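Undergrad: return atomic coordinates for the entry below.
(4 chains)
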Amino acid sequence: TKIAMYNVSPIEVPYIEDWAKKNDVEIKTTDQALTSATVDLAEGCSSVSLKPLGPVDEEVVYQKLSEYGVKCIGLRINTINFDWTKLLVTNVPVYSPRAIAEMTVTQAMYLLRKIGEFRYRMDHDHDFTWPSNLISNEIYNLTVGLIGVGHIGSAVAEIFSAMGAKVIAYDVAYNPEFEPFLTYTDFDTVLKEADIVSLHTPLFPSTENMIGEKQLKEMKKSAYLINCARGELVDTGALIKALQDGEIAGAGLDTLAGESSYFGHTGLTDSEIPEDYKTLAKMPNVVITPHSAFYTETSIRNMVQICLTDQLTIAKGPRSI
Amino acid sequence: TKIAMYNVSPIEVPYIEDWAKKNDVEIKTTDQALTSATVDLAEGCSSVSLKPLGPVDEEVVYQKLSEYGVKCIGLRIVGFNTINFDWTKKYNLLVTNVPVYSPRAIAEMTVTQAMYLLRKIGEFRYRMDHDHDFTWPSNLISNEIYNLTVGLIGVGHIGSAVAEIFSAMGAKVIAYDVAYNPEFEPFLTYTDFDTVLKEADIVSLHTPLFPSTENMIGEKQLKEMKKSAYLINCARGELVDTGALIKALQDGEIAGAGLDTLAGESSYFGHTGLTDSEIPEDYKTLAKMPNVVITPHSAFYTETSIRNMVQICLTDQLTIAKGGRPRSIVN
Amino acid sequence: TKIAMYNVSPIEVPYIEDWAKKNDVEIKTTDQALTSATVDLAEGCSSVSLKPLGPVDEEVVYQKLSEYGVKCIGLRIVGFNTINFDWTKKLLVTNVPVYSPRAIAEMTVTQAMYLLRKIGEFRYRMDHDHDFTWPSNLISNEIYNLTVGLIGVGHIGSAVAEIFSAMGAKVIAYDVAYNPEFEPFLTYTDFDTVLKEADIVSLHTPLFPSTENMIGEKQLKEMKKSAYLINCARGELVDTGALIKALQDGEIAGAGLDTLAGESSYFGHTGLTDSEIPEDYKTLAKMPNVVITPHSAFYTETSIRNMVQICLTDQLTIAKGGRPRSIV
Amino acid sequence: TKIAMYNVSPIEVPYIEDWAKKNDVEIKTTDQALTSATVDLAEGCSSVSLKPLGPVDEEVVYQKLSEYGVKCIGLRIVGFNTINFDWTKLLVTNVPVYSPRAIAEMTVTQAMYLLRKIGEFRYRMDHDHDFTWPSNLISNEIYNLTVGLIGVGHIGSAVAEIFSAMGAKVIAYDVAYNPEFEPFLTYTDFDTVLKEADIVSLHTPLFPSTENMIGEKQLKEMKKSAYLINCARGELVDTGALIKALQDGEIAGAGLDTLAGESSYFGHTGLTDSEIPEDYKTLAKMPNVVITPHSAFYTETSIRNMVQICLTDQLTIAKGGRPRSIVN
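TA: Numbering: from 1, shown residues only, chains lettered A, B, ... in the order given. The coordinates are given below.
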């Protein structure tokens, strides 16, 4: 059984070759996205694997898939026109909840200890003193609020509750197994009571700009906001006003609305990076990361490996569909 | 029953009045140092309490103290170097300190720096802001903490608290202490110094500072660490030979470092209006490094810490007034 | 809208009356099973709700159901096998898949800690020998120096892992399927190794034909003499004869059971003759290194609350042409 | 540098031998108390180690020890009442902290066993032949419960870390404040602990002022559903009061490792019926009580630490150290 991969980064490669040899399956690979110009590669292959940057719109790819004997298209992570697939599609539902959870916790502790604000005082004003307004506090004294909790949210809960924190959380769906770690309550209560706020809901039209002005005047003025989920969840401009006028204490971001413009690219001009970004990046009580929350060996390993072993069971007869 | 308080900063005040209500003790307060000028205020007090900025230099102070009948000089800090003890025995004067005030403050700073470094955060921001580069390079992939072993040198209040925390998160904690405490076995495994350095993905210092501990971390010790590993010092600068740490980072002996305290820190931390002349190249060299984070000995700086420095001090002195001797007494 | 409930227990009532006054919904109830007779109360209902002990084997029930404009049968348990599914082509079926993982994880843990401390063994020497000494063969250990092994790890296996891991024990586990969300709490490994290394072996696979009698002689001899076997899963995972033999010979050090092969005769029954109660129960039950409970791992307020509320909320969702995921 | 050891038991033997072997000391041993016949063994030795059952009250032994030229009496327990300090005039060292988690774990174990009603169920199964689930034997998940500690030291705090990890709310009364401890518990007053906890655990030391600290008034103050755990010291509880409160439904059950008046039979065999007390028998017959014979301490770790902390203390003595274990 032969497999054909697409969109591969050099970092995915080692784990690919480790699976290739471990499951004793022939694998062919390439960094380029799957097109009509690269379908020729899935010859013999029991499956094609993608990790798409973009839509695979043109439909003759599918024609060639089922003509070549490909049983399945397996993603490593909606980019698939599902109408044309009537081939089996698969995804990678879960790669490392702890990855994004750990980034979340990290950004929140950095801000809490107000490290960014101290380094500014130190480096620009040359002020190595301890001001009344920069006092910090222990994590167990705080109560954390989560807007949306799934695989990523719950890992965040287990960690903070473990550190002694009260976690309170709003989700439209009751999972009982989470009760050891958090108290379910309403949206507003979460915003009102929480010293750290972490976004973990999905992205839908209804959820776009979930967080804007109201919310921020509504947060504790001493609260920090954490978004390791999707930039479209936050009204960015709103955030920027909120921060300036001090309606929150800080924000930690792994993502911003319109991030695809510059996240993932290199060698940009001052002109190609947006001012809202440039403005936040400059705030000592903010931290931004280039959507890197997902980026651990475990994430990489599981993005490749889950999909290939799946792909092996499809060259014979799993839940990923 | 009366206590005189010195060196009070605004920030202590609410814990001060708070404690004075909780216990029914009368408190006189001042933001000034204890000297010949101000010893007056100790009148009819059982104890004075300080958070000193310098030696208590004047014999007169101690004499006039035991002459008022002040039983004890309570410090609101661990440090008692600022007290002349020849003279505290000469005047039959007790001295107390606050040795333990908020271990989780520091353990939490420790963890925070570890995690920040581990997620390469400062290194991404660098690529972002200065090379205008937002890609994920190969060498900046991170790992989850439950896959790592964290290594403590010195396991005291702070060390064990680091252990309970990183252990709560599933990391393996190994540690070297000269002293065995069964209390800590649920959270760490004791090993030897050499091994802690050798096996650890994170090395965190928590031994006290002695002559026998000055420069405990040096060239040989940074050579023995992993290329991948991070050095954390939220303990004391003097544990680290700074030049050596610089050399190690530059030479890629280790991957990064988190510092709350520096050797020779005492001449710049907690100063303002410094001009480049008065801040060292030591600190400058470390601070431009994306894989280094430095805080200004702020590991302790939480409301719990401040509060406890007030209240632990004041109840220690209240029990001295009552005729007790608290273990906070310095001998 | 209307929902009718059968198999209701006194304990369920408050939680139900709460969902009821909360959702603006009529609920009519009865302690007795769904049948030819009692189908008559499902009139006008969007749904019925069951917690059955027998198959609902009468066709008439189903037909009169689709006759009343009843949309769904919602089980308040996991096991939907008490439904004939051919006839449900008339009718939707929902279940309550997860209600308290932790209820069972905490029973599991309690029984382990109890044997590990040898309290039943001590009370035996105190009460029968008038002996209050402390013998060599009764020394115990701290949980963090022991390694806990899981055969099968689901919602329950992971909750258990979470707890033990949190107390500082090492956890190993065998599951046919890989779940990344469990790595902070356990290490995956092979079946054999779970048995060979563990000090406590707990079972959390599901009952299947290919799984019936998972634990027999081979496996018990392979466990550590000092190990403890926990079954808070399903009795049929364990061959009672083999278990009895092993405990008797010292091939394992003890066992905690909430469940037993054959248990249906007597679990759930009162006023029993000594005949009505089988000898293997009485034999394990006479042993001080055994603890047994009557299939109440599940039994907490959280489980009752959630078994009622999840199922009703699902029924409402289906009363509004919703389709919550507990469609079966 | 040679050591004499007294009171050794079969289980200690191995850690003794492994430590003498690891540190190059010779040790001599004997199972009887140190008195004036066996003192003859401590000749040439730099220190002794006992684990006493009753007072060393012979003066020959003290001055014969300082004649043989021994420097300290190392105890392998916390309890020093047995050494006479008039006669030590000789240093005395004890072993103050040997395995907090051993006691904290018995505390937790007993607490979970109670909380899950395994004893009450065992009674209904074995005496009533009743294998059903009653309303009063509904149980609860630990994270929904709150744990109150009277007294918080090495042990009470270890109990706190454990219950905190499981997600319970922990609260404690102590006369002293321990910053190290705020992550696991919240300090408060005595009344409040009794008033709000679903489990009460005793961890205060025994002092004249603490004798009968939990008695009639305090038990009326606890909740009908609360359990009392005493893995601390029996004289802390008024057994009469406790028995009668259990009888009246003032509390829901209790878990005990120690009893006011235990030293008559705990650690003995084989008593007559007259020799095991009425109170004990009353409690032991209560399915909602659990009683272990002061085995809370009794682990591998504990035995080991008792031996090795004492011997190494004694070795730092022979080379001229004066370790903090010195009690004068």
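Undergrad: mind checking the SS state of the residue most central in space within chain A?
TA: In chain A, the centroid-proximal residue (CA atoms, centre = their mean) is residue A:229; its distance is 4.9 Å. Counting by DSSP: H, G, I helix; E, B strand; the rest coil, the backbone at residue A:229 sits in coil.
Undergrad: also residue A:73?
TA: Going by three-state DSSP: residue A:73 is strand.
Undergrad: next, count neighbours for it.
TA: 25 (other CB atoms under 10 Å in any protein chain shown). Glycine gets a C-beta too; all of them are placed from N, C-alpha and C.
Undergrad: residues in contact with it?
TA: Listed by CB atoms under 8 Å, 6 or more residues apart in numbering or on different chains, the contact set of residue A:73 reads A:47-50, A:65, A:80, A:85, A:87-90.
Undergrad: at 10 Å instead, please
TA: Applying CB atoms under 10 Å, 6 or more residues apart in numbering or on different chains to residue A:73 gives the contacts A:6, A:34, A:42, A:47-50, A:56, A:61-62, A:65, A:79-80, A:85, A:87-91, A:311.
Undergrad: wait, doesn't residue A:253 sit right on residue A:226?
TA: Yes: between residue A:253 and residue A:226 there is a contact at 7.8 Å, judged by CB atoms under 10 Å.
Undergrad: between the two, which contacts overlap?
TA: Going by CB under 10 Å, 6+ apart, residues that sit against residue A:253 and also against residue A:226 are A:107, A:199, A:287.
Undergrad: residues of the stretch 51-200 of chain A that sit close to chain C?
TA: Applying CB under 10 Å from any CB of the partner chain, one finds that the stretch 51-200 of chain A approaches chain C through A:92-99, A:101-102, A:151-152, A:154-155, A:158-159, A:162, A:173-181.
Undergrad: so which of the contacts of residue A:73 belong to strands?
TA: Of these, the ones assigned to strands by DSSP state E are A:47-50, A:88-90.
Undergrad: farthest-separated two in those?
TA: A:50 and A:88 (13.8 Å; CB to CB).
Undergrad: what about these two, which has more around it?
TA: residue A:50 (21 against 14).
Undergrad: is it true that residue A:230 touches residue A:236?
TA: No: between residue A:230 and residue A:236 there is no contact under CB under 10 Å: 11.8 Å.
Undergrad: which neighbours do these two share?
TA: A:256-257, A:259.
Undergrad: by neighbour count, which of those wins?
TA: That'd be residue A:256 among those, by other CB under 10 Å, with 24 neighbours.
Undergrad: quick one: secondary structure of that one?
TA: coil.
Undergrad: for the one helix or strand residue A:118 maps to, name the packing helices and strands.
TA: Assigned by DSSP states H and E, residue A:118 belongs to helix A:115-124. Packing partners of helix A:115-124 (3 or more CB pairs under 10 Å, 6 or more residues apart in numbering or on different chains; DSSP states H and E): helix A:97-112, strand A:250-253, strand A:286-288, helix B:103-118, helix B:281-287, strand B:292-294.
Undergrad: name the residues of the stretch 201-321 of chain A found near chain B, please.
TA: Close to chain B, as judged by CB under 10 Å from any CB, the stretch 201-321 of chain A has residues A:252, A:254, A:259, A:261-270, A:272-273, A:277-278, A:281-282, A:287-300.
Undergrad: rerun that using 7 Å as the cut-off
TA: A:262-268, A:281, A:287, A:289-290, A:292, A:295-298, A:300 (CB under 7 Å from any CB of the partner chain).
Undergrad: mind checking which of the contacts of residue A:73 are buried?
TA: Taking 16 or more other CB atoms under 10 Å in any protein chain shown as the criterion, what is buried in these is A:6, A:34, A:42, A:47-50, A:56, A:61-62, A:65, A:79-80, A:87, A:90-91, A:311.
Undergrad: quick revisit: ChimeraX command for the buried members of the residues of the stretch 201-321 of chain A next to chain B?
TA: In ChimeraX, a selection of the buried entries from those looks like this (16+ other CB under 10 Å):
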select /A:262,263,287,289,290,292,295,296,297,298,300
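Undergrad: now do residue A:250 against residue A:196, distance only.
TA: 10 Å (CB to CB, to the nearest Å).
Undergrad: who has more neighbours, those two?
TA: residue A:196 (29 against 24).
Undergrad: quick one, what contacts that one?
TA: A:108, A:142, A:144, A:223-224, A:226 (CB atoms under 7 Å, 6 or more residues apart in numbering or on different chains).
Undergrad: repeat the analysis, applying 10 Å as the threshold.
TA: A:104-105, A:107-109, A:111-112, A:139, A:142-146, A:156, A:160, A:165, A:167, A:220, A:223-226, A:249-250, A:252.
Undergrad: can you narrow these down to the ones near chain D?
TA: Near chain D, by the rule CB under 10 Å from any CB, you find A:139, A:165 out of the contacts of residue A:196.
Undergrad: give me the buried subset of the contacts of residue A:196.
TA: Counted by 16+ other CB under 10 Å, the contacts of residue A:196 give A:104-105, A:107-109, A:111-112, A:139, A:142, A:144-146, A:156, A:160, A:165, A:167, A:220, A:223-226, A:249-250, A:252 as buried.
Undergrad: quick check: closest non-adjacent residue to residue A:39.
TA: Leaving aside its chain neighbours, residue A:39 sits nearest to residue A:64 (4.5 Å; criterion: CB to CB, 6 or more residues apart in numbering or on different chains).
Undergrad: what's the neighbour count on the one you found?
TA: Residue A:64: 15 neighbours (other CB under 10 Å).
Undergrad: repeat for the one 4 residues further on
TA: Residue neighbour count, defined by other CB under 10 Å, stands at 17 for residue A:68.
Undergrad: how about it, nearest residue that isn't a chain neighbour?
TA: residue A:42 (5.4 Å).
Undergrad: now the residue in chain A that chain C sits nearest to: closest residue in space, sequence neighbours ignored.
TA: Closest to chain C within chain A is residue A:177: 4.6 Å, counting by CB to the nearest CB. Spatial nearest neighbour of residue A:177, excluding adjacent residues (CB to CB, 6+ apart): residue C:101 at 4.6 Å.
Undergrad: that older thread, right, and the residue nearest to residue A:68 touches residue A:29 too?
TA: No: Residue A:42 lies out of contact with residue A:29 (CB under 10 Å); the separation is 11.3 Å.
Undergrad: which residues do these two both contact?
TA: Common neighbours of residue A:42 and residue A:29 (CB under 10 Å, 6+ apart) are A:3-6, A:49.
Undergrad: closest one of the residues you listed to chain D?
TA: residue A:49 (40.6 Å).
Undergrad: so that closest one sits against residue A:8, correct?
TA: Yes: using CB under 10 Å, residue A:49 is in contact with residue A:8, at 8.3 Å.
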